[PDB]
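Q: Below is one structure. I have some questions about it.
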Protein chains: 2
Amino acid sequence: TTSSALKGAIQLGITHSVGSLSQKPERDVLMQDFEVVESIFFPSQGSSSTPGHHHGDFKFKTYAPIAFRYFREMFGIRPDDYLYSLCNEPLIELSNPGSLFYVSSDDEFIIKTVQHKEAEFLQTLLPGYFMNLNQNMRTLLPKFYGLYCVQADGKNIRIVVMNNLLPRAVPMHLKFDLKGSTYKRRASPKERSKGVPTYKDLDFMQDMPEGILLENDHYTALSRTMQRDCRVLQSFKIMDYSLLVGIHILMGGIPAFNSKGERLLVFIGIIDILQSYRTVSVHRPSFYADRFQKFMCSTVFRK
Amino acid sequence: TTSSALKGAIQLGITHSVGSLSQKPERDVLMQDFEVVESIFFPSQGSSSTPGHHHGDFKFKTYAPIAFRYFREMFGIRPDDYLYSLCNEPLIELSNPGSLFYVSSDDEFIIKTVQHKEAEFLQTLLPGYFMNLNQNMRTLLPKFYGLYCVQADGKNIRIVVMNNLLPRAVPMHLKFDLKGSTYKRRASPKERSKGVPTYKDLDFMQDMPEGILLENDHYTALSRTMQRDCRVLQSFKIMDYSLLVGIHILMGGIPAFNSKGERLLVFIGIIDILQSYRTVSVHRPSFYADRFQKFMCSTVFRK
């Protein structure tokens, strides 16, 4: 039960870590806060912790606690809802190729697994992530809610908690994953035997040759924050990220769009961020991010 | 003419540096931006610059240009007004013991001189200063508008541009400079032969034994952002700063206050910041900042 052992510790780990944060009074974030790493150990019969069929014996670390309560707050995630969704309702597994990929019962939170490299990375990129939120409210970047580590019998599973663009609340008729490149960028046979498959660039150019149409006001805004997100991402030497796009042929938090003659609710966000600088040229990530926006404006079309 | 040589270069230096920034389109700040140092050289007869009786021959460096346009913007300093006030109206000198202390004609900007140490410092503390603005709008900290350096015949005069709490627009009947300490913290004989002298702690405790009274709403707010500013300052290992307080016995941007029976417009802000970590204990700055607020609540009184 590699999984059930993890599944429980994560729920038990967060209840404590975040629960006990909520007794302390809130106070602004300082630079020092991004580097903190608070831990706590979870024995079977520890008074101040709890025992468990899950909690056989382990330690639970949470990175940058105070930054993440900020980030949650700024995302509008009331902590009661956070730790209800995660720790109180049986979260559910999901195949997606040692790394796991869990999801909340309410399907508003993804819990991914991440390698030591990709995790320490994220950690270093918190201050830019902060500088981003506070300057670009409509940022299509991933919404990171938390970063933790379940150290288990001499092995560390580190995990990231984040939003889940396309939640299941509103149905998705179409899903595209887009990089602005082309090579082997079709869907696998397996993938198109799904119900609402996630197509890719080449698929999009033959299946949606007419673009996805937007009114000048909505397009302007989108162009604007693509450009901005791309400038950030570029700054961090990041690449191989894609624009996940949920089409809904109609809390409609989407944009006003049109097919080749019909009303739409698109739903989009940038994904697969944590990958940068470990042999690409010094001007590669720039090229990648130009290609990106320039292409997302044969994807999202105007007038 | 050590001074007139500086006075002109500063005006000529900023016009160019900031003027030419305004042709480029605005774009968000990134962490990389805090470390940039842009320069430009000012010969007598340089086409793309200008000549000058002031500009005999010098180089002009501006630190973190893009962060400072952000900070200006956030302070509501329209750049046309910035470089009119500074570069277009004859700024005026001021004794205040090689360091000079200029002021704008309109008296809305102080131009101080700073040593290599205190300047590089400020530079390192920009990201926290950013994290502060964006989290505490009513921050009693200094408003840094710009940081530059006039390299002159093989010597660097570095200078800081900032707000000027008590401007002369509204008259100041009383001025206090307060640290929450006491030792040799009286006014010099010279100082009290001024018109509107800047008294200090001991003076304040005998001259204002009745506090400075505030209504629960206004006091709450003040307490709150003292506490917060002090937490920031503490974080940066900073001390020997004071609360400059302008009393006006009545664009009234002050707070509602009362004397021992009369209406008031107080005007306050934290000053003398750039001094930290260069032999004080690891918990000294904390002690300094506790003393501070705890004392500023025998200075600013409630109910």
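We name chains A, B, ... following the order of the structure tokens; residues begin at 1 in each chain, and ligands are numbered from 1 as shown.
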Name the residues in contact with stretch 180-185 of chain A at a cut-off of 12 Å, using only C-alpha atoms, excluding same-chain residues fewer than 3 positions from it; report them as number ranges by chain.
A: A: 176-177, 188, 198-205, 239-244, 287-299
Q: So that I can check the surroundings of stretch 85-91 of chain A, please list as an MDAnalysis selection string every protein, DNA and RNA residue that reaches within 12 Å of it, counting only C-alpha atoms and ignoring chain neighbours fewer than 4 positions away.
A: chainID A and resid 3:4 6:19 77:81 101:111 145:146 161:162
Q: Write a file of the just-selected residues containing C-alpha atoms, as a PDB file, in the first residue's frame.
A:
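Everything below was put into result_0.pdb:
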ATOM      1  CA  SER A   3      -0.398   4.786  -2.011  1.00  0.00           C
ATOM      2  CA  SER A   4      -2.792   4.386   0.960  1.00  0.00           C
ATOM      3  CA  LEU A   6       0.904   8.285   1.360  1.00  0.00           C
ATOM      4  CA  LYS A   7      -2.802   9.202   0.935  1.00  0.00           C
ATOM      5  CA  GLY A   8      -3.376   9.258   4.692  1.00  0.00           C
ATOM      6  CA  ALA A   9      -0.169  11.005   5.774  1.00  0.00           C
ATOM      7  CA  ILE A  10      -0.893  13.849   3.407  1.00  0.00           C
ATOM      8  CA  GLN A  11      -4.322  14.344   4.925  1.00  0.00           C
ATOM      9  CA  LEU A  12      -3.003  13.885   8.473  1.00  0.00           C
ATOM     10  CA  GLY A  13       0.043  16.042   7.708  1.00  0.00           C
ATOM     11  CA  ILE A  14      -1.916  19.024   6.448  1.00  0.00           C
ATOM     12  CA  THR A  15      -4.607  19.029   9.116  1.00  0.00           C
ATOM     13  CA  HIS A  16      -1.871  19.498  11.694  1.00  0.00           C
ATOM     14  CA  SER A  17       0.477  21.819   9.808  1.00  0.00           C
ATOM     15  CA  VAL A  18      -2.285  24.155   8.630  1.00  0.00           C
ATOM     16  CA  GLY A  19      -4.670  23.594  11.504  1.00  0.00           C
ATOM     17  CA  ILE A  77      -8.985  29.606  -0.723  1.00  0.00           C
ATOM     18  CA  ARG A  78     -10.528  29.840   2.769  1.00  0.00           C
ATOM     19  CA  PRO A  79      -8.411  27.456   4.892  1.00  0.00           C
ATOM     20  CA  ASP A  80     -11.442  25.663   6.323  1.00  0.00           C
ATOM     21  CA  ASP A  81     -12.308  24.720   2.723  1.00  0.00           C
ATOM     22  CA  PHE A 101      -1.151  12.172  -9.220  1.00  0.00           C
ATOM     23  CA  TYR A 102      -4.004  12.376  -6.728  1.00  0.00           C
ATOM     24  CA  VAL A 103      -7.113  14.538  -6.866  1.00  0.00           C
ATOM     25  CA  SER A 104      -9.587  15.840  -4.246  1.00  0.00           C
ATOM     26  CA  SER A 105     -13.060  14.389  -3.960  1.00  0.00           C
ATOM     27  CA  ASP A 106     -14.553  17.756  -4.936  1.00  0.00           C
ATOM     28  CA  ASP A 107     -12.015  17.855  -7.809  1.00  0.00           C
ATOM     29  CA  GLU A 108     -10.904  21.413  -7.059  1.00  0.00           C
ATOM     30  CA  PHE A 109      -7.323  20.370  -6.084  1.00  0.00           C
ATOM     31  CA  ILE A 110      -4.628  18.373  -7.767  1.00  0.00           C
ATOM     32  CA  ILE A 111      -1.998  16.706  -5.686  1.00  0.00           C
ATOM     33  CA  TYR A 145      -1.405  26.193  -2.856  1.00  0.00           C
ATOM     34  CA  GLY A 146       1.146  24.198  -1.000  1.00  0.00           C
ATOM     35  CA  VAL A 161      -0.817  20.976  -4.180  1.00  0.00           C
ATOM     36  CA  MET A 162      -2.366  23.176  -6.812  1.00  0.00           C
TER      37      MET A 162
END
Q: For chain B, work out the contacting residues on chain A at 10 Å, counting only C-alpha atoms, and write them as a list in words.
A: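 So the contacting residues turn out to be residues 27, 28, 29, 30, 31, 32, 125, 127, 128, 129, 130, 131, 132, 134, 135, 136, 227, 228, 231, 232, 235 and 236 of chain A.
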Q: Taking 4 positions as the minimum chain separation for residues in the same chain, which residues sit within 6 Å of stretch 259-271 of chain B when counting only C-alpha atoms? Answer as a PyMOL selection string.
A: chain B and resi 140-141+212+241-250+254-255
Q: Counting only C-alpha atoms, what is within 9 Å of residue B:52, bar same-chain residues fewer than 6 positions away, as a list in words?
A: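 Listing them by chain and then by number gives residues 8, 43, 44 and 45 of chain B.
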Q: Could you check how far atom CA of residue A:150 sits from atom CA of residue A:59, in Å to one decimal?
A: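 So the two atoms, atom CA of residue A:150 and atom CA of residue A:59, lie 6.3 Å apart.
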Q: According to DSSP computed on the backbone, where in stretch 149-299 of chain A is there alpha helix (DSSP H)? Give the residues as a ChimeraX atom specification.
A: /A:189-192,201-207,216-235,284-299
Q: Please report the interatomic distance between atom CA of residue A:149 and atom CA of residue A:53 in Å with one decimal.
A: 19.1 Å
Q: I'd like to know which residues of stretch 98-234 of chain B are strand (DSSP E) (by DSSP, run on the backbone); could you write them as a VMD selection string?
A: chain B and resid 101 to 103 110 to 114 144 to 152 156 to 162 174 to 178 198 to 199 213 to 214
